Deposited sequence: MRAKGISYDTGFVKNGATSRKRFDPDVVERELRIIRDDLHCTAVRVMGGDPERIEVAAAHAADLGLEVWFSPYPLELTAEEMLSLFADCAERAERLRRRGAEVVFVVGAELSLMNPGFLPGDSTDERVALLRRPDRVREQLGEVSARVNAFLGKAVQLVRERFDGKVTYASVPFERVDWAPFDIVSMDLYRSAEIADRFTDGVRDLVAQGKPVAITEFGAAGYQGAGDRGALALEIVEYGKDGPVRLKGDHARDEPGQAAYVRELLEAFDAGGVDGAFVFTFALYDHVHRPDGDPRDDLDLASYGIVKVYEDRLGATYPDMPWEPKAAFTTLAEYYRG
């Protein structure tokens, strides 16, 4: 694998709510340094809904020598709002690319699930729930929007362009430089599917894959956040009492990385470094240990610093060790 990656949440924005209440650039710089030095990543997918935050993290990553996947990730935005976000992001991405950063631009993610207007539904829950013949219509709309968005981006940005798709969208990859797909294993034919994806010939990146950290979560693939009760601002509590299974999270990530290496992908981006508002509360009721549902490979505290990185408000989970070993060699 050429791009040994992880994604990095600078703050999704959903109805004005950020997923990352604190964005301290000194902390961001040190997290990205750990990602390079201790997770042995060569690339980072810098996600969010705030172009300035994405740009600050991407500039630190480039200054560290990391390949930057500049990755606006709109949530519940109209077409006009998405296009405006992409235009702003593409201008900043171009400024960075011109300074000599290696920058890939990602034109959104899973648009038919994350934003209205492709699939029926007023929320991602509604739209996912619809996965029980609309697929041609959904694919037509996604591809029509992507045709517009890619042209907008290429007017502003002269590097490689991709899109973090899901399989059912049936993206036309003709306008893109890289084929990117979000692939959760949930099991038998998996590596065969990866090889088919690689076979069309353009470099392939797996832009999103991972598991949460409770017992059984790897089975539930991309649906592991279904145990979370969400409120006005973010996660509030878990619906039931779940045991922690950090080894199972680590083993899921490693097995998928093995399947992607075997299948020949160009890049893979573990989802994810941290989900900062899914706080770890190890010494209380498990229903309040929001970190159990986190796809992050570190566990973030609300009120303490960690032991391994004593200036950091988080601690590695087992999956952090596993990724580091996998990417080291």
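Missing stretches, numbered from 1 on the deposited chain sequence and kept in order: 133 to 138, 193 to 195 are the stretches of the deposited chain that have no C-alpha coordinates in the structure.
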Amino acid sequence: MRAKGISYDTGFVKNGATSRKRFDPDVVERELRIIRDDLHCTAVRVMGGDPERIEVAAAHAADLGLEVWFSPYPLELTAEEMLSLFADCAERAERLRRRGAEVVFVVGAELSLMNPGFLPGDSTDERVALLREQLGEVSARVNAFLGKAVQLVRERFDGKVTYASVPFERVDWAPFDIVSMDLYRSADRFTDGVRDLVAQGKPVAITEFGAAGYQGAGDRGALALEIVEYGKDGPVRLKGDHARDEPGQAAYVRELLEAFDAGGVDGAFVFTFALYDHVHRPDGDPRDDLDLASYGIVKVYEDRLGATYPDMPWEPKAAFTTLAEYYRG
From here on, numbers count along this sequence of modelled residues.
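289 to 297 versus 275 to 283 - which carries the larger mean C-alpha B factor in the record: Comparing averages over the C-alpha atoms only gives 275 to 283.
76 to 84 or 93 to 101, whichever carries the higher mean Cα B-factor: Mean C-alpha B-factor is greater for 93 to 101.
Highest-ranked of 202, 141, 148, 185 once sorted by CA temperature factor in the record: Reading the PDB entry, the winner on C-alpha B-factor is 185.
Residue with highest C-alpha B-factor in the PDB entry, from 177, 246, 172, 196: Reading the PDB entry, the winner on C-alpha B-factor is 196.
Residue 117 CA temperature factor, ranked by third within the chain: It belongs to the highest third of the chain when residues are ordered by C-alpha B-factor.
Chain-wide C-alpha B factor ranking for residue 9, given as lowest, middle or highest third: CA B-factor rank for residue 9: lowest third.
Ranked against its chain, the third holding the CA B-factor of residue 55: Tercile = lowest for this residue's CA B-factor.
Position of residue 304 among the chain's modelled residues by C-alpha B-factor, lowest, middle or highest third: Tercile = highest for this residue's CA B-factor.
Lowest, middle or highest third - CA B-factor, residue 209: For residue 209, whose C-alpha B-factor we compare with every modelled residue in the chain, the answer is the lowest third.
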